[PDB]
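1. Fold the following, please.
(chains A, B, C, D, E, F and G)
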Amino acid sequence: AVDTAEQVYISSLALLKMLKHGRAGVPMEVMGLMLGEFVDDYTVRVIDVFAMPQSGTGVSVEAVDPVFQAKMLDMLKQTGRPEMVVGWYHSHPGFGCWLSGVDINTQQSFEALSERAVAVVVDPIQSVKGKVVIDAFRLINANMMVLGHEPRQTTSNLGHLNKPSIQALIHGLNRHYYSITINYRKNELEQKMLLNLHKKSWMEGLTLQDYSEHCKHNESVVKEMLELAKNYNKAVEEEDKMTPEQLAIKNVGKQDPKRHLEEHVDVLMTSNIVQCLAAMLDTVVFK
Amino acid sequence: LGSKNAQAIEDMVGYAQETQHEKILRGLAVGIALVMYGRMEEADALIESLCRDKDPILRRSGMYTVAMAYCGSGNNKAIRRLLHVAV
Amino acid sequence: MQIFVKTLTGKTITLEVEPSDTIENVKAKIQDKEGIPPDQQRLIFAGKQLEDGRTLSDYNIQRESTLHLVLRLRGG
Amino acid sequence: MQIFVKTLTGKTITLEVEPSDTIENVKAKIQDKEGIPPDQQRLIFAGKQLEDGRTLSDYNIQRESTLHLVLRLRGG
Amino acid sequence: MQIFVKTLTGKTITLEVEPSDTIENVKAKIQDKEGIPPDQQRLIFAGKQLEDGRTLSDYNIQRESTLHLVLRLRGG
Amino acid sequence: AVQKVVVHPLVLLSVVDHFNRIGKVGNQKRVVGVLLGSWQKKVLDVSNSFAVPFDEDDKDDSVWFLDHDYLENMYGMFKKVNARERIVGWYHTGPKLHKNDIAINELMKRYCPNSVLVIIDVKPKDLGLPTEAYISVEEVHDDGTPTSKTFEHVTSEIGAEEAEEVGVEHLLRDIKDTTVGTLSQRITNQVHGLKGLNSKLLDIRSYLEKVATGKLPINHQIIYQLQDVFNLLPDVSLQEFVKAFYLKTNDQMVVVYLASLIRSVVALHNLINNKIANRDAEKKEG
Amino acid sequence: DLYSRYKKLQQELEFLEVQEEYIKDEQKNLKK
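-> Numbers count the residues shown, from 1 in each chain, chains lettered A, B, ... in the order given. Provided below are the atomic coordinates:
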């Protein structure tokens, strides 16, 4: 019986390729094939993934060349990647994440060919800089479940940390299959890279901004301060003259000069400070 | 238990630091701390190792160690860091 | 005769066949062995696709040759 | 330069090797002397998992080291 | 002068240096004594990790000071 | 020809994966591969890559192996799944130039008349940037030395795509960053500037030792350049330049004074609101 | 006993110190 705790480890490279491929077939369910190994009864690890030749019609897709797959795979071995197939993935734009209809059928034959298969679904159009939407599933048994048997065993809290969404319940996730938790496990060297990925050259740090143009910006903001001071005086004068929330509620059109006054500070400051400091340093370090 | 032992801590942190199964680490992350017990300042070297580690489960087991190293002492020097991690 | 057919998974199967058998009979034997439906599976030999309409002798399948099986990949 | 191998059964195998040998070679020697296919063998040495393409002196294995064989079972 | 360096197992090493000595010579002589490859290591004192270009005097290191060696135990 | 080159993150992660994988086929200390890309208006963009078998007998130059008809075969297999991209150049992961790579370049140039080299050093030991770009040229000489075939430098940077930076940021859960505003300026553009400049001057310092009979003066060229450096550096800060400096410092600080004053008045105003509100409601609720 | 009182107060002071440091750190981290 399958343990509740078993993870899927995906290896950071695979994720980037899944996205850059999904966000291209913009309105179509592009698909691909996924390579890894079964470390253990509590694990599956995916290490790489690659696309295929395929065509579709908006309502469907499928791949057309079967030879290309075996040839590519057998080629890769000559350069240290002997790993084999463990699953497949396809992108759902904007729908959400679930398996539906045909996707179960092409899935289920994998499980007749290789138990412990995994189907992954990603959504590239809801995702945003903070977070990506990924899910990984496997089919519930082909019933004989009137027995009321649980699909899985549990001996940990480790699998009940997350709340299933309404959408997958609509399409029936716990009724026909089950979700499996995604986990990341970066190694040392790639994470050393990943922080360099934004560093910018020393050449720039010591450079001064032009002093002209800079003065122009200073005069621009200082002359912008006036109107805000003038408005601020009235805004101070008139408050508490009416009920408290009816201050804000009547201030949805016209701006409130406090914030616009305040946020022109942090522009005279910061700018003037850093420019004067940088000049003050480099006047010594060169001759 | 509690008998600090120069050799065994290496013979197990070396294994934990270089194996791929997770459950093994979730066992050892406790298995280490019991080699310290009330040893107050003595264990501090081991501490500064584990809390620097990249690997999340070793970074955790650092905390269990600094708990079992200072039972009941109320020593402020343990609190000041053991709480800073939470934040 | 004996024939070896292997899959993208790394599992391998051995079949017994006689030269007069057609490809369709091969696929039927595979379904009997594993439960994949005959319309899903594609076969490959010597780097070109198999098709029904022919006997296994016709492609000069020799004793103990190796075939590749690859599944239909559809989604929608 | 003697090496001890432990299998799952606990049988011990003795090897006369050289520090610049390669894992492919020792896996083959085991294949010769016991009959196990090379590619089913995985080698374990404390936590590290040994990779075929490089040499024992790269892992600074010493005399009479005890070294474990693990079998990657295959689906069927 | 005599400085102390601690390793996790409770090993301590005492070492002879000079005020103007740089971190690189310290790592070199620890290599010469113990055989640790110079890169696999980090030195911690005052709760900070040192920078290889500075001198001990840059960090206000004083007599009989003890610092912690951090080690990737087996390297790989 | 080329004025600049832009690299997408997918290439860097690919390089690192290759470097870690090779251990299953050899023991070498370098790896080599092909760059797929495109370009416009002399700005070159590299997007994708695959790695081809290579090998070299370390103890000599001129004895190395590089597999053509695997490269051609893969290039064919890729073209079938993305028509946008074409051979552009090659990369290797060594920390330093090697004697024979000009003789590699003269091979692979048969696949693209303009080919560019990118060094992607995978183990940095400093603050820095992970890539360098090189193009091949012919040099005349004034010494009458025969024409020399030699590399030349090209400026480089990392670029980005909206479909990837979502993934990069989903993965950048590792450490602190974004100490906002004035905090990030001085770190990013004073300290990490000075550390770089110092490393450069140490490098020149070391080279000028070897000329103590350790090595032949490589050219009077390099000495002419050094003399330009020490001649150009700004004049002694001793003349009426000083007057011009004080003027701007006064003007730079005056407006700071103004802004600070504004900053304090608002705090007083907020103070009053807090005070009255408190006491009134207190007496009311009592 | 005056002595016990003295000691109690003494320690109390330190506990206050650590609490102040921790809440300062928290106030800085919640912005990020």
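2. Count the neighbours of residue F:213 for me.
-> Using other Cβ atoms under 10 Å in any protein chain shown, residue F:213 is surrounded by 6 other residues. The way it works is simple: take the backbone N, C-alpha and C, and place the C-beta from them, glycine included.
3. Ok, residue F:37 next?
-> Using other Cβ under 10 Å, the number of residues around residue F:37 comes to 22.
4. That one in helix, strand or coil?
-> The local conformation at residue F:37, judged by DSSP: H, G, I helix; E, B strand; the rest coil, is strand.
5. I'd assumed residue F:85 was in contact with it.
-> Yes. Using Cβ atoms under 8 Å, residue F:37 is in contact with residue F:85, at 6.0 Å.
6. shared neighbours, these two?
-> Here residue F:37 and residue F:85 have F:47, F:48 as joint contacts, going by Cβ atoms under 8 Å, 6 or more residues apart in numbering or on different chains.
7. In terms of helices and strands, where is the nearest residue to residue A:26 once chain neighbours are set aside?
-> Of all residues not flanking residue A:26 in the chain, residue A:93 sits nearest, at 6.6 Å (Cβ to Cβ, 6 or more residues apart in numbering or on different chains). Assigned by DSSP states H and E, residue A:93 belongs to no helix or strand.
8. can you check residue F:153 too?
-> In this structure, residue F:153 sits in strand F:148-154 according to DSSP H and E.
9. where does residue C:74 fall, phi/psi-wise?
-> Main-chain dihedrals, residue C:74, degrees, to the nearest 10: phi -120, psi 140.
10. in the sheet, who's paired with it?
-> Taking DSSP bridges as the rule, residue C:74 bridges to residue A:62.
11. give me the element the residue of chain G found nearest chain E is part of.
-> Nearest to chain E, among the residues of chain G, is residue G:21, at 14.8 Å (Cβ to the nearest Cβ). Taking DSSP H and E as the definition, residue G:21 sits inside helix G:2-29.
12. Next one: the residue positioned nearest the centre of chain G from chain B, what distance?
-> Centrality entry for chain G: nearest residue to the mean C-alpha point is residue G:16, 1.6 Å, by Cα atoms, centre = their mean. To chain B, residue G:16 is 11 Å away according to Cβ to the nearest Cβ, to the nearest Å.
13. Give the buried residues for stretch F:249-262.
-> Neighbour-count burial for stretch F:249-262 flags F:252, F:255, F:256, F:259, F:262 (criterion: 16 or more other Cβ atoms under 10 Å in any protein chain shown).
14. isn't the residue nearest to residue A:26 right up against residue A:121?
-> No. With contact defined as Cβ under 8 Å, residue A:93 does not count as touching residue A:121 (11.2 Å).
15. More neighbours: the two, which one.
-> residue A:121 (21 against 17).
16. Return the residues in contact with the residue lying closest to that one once chain neighbours are set aside.
-> Spatial nearest neighbour of residue A:121, chain neighbours left out: residue A:97 (4.8 Å); criterion: Cβ to Cβ, 6+ apart. If you count contacts by Cβ under 8 Å, 6+ apart, residue A:97 has them with A:121, A:122, A:123, A:133, A:134, A:135, A:167, A:168.
17. gap between the two ends of stretch F:179-189?
-> 14 Å (Cα to Cα, to the nearest Å).
18. Checking that stretch against chain E, do any of its residues make contact.
-> No. Using Cβ under 8 Å from any Cβ of the partner chain, we find that stretch F:179-189 stays clear of chain E, coming within 14.9 Å at best.
19. Which part of the stretch 1-150 of chain F gets nearest to chain G, residue-wise?
-> Across the stretch 1-150 of chain F, the shortest distance to chain G (Cβ to the nearest Cβ) belongs to residue F:127, at 22.7 Å.
20. Not counting sequence-adjacent ones, nearest residue to the residue of chain G most remote from its centre?
-> Relative to the centre of chain G, the most outlying C-alpha is that of residue G:32, 25.0 Å out, by Cα atoms, centre = their mean. Closest residue in space to residue G:32, ignoring its immediate chain neighbours: residue F:178 at 6.8 Å, by Cβ to Cβ, 6+ apart.
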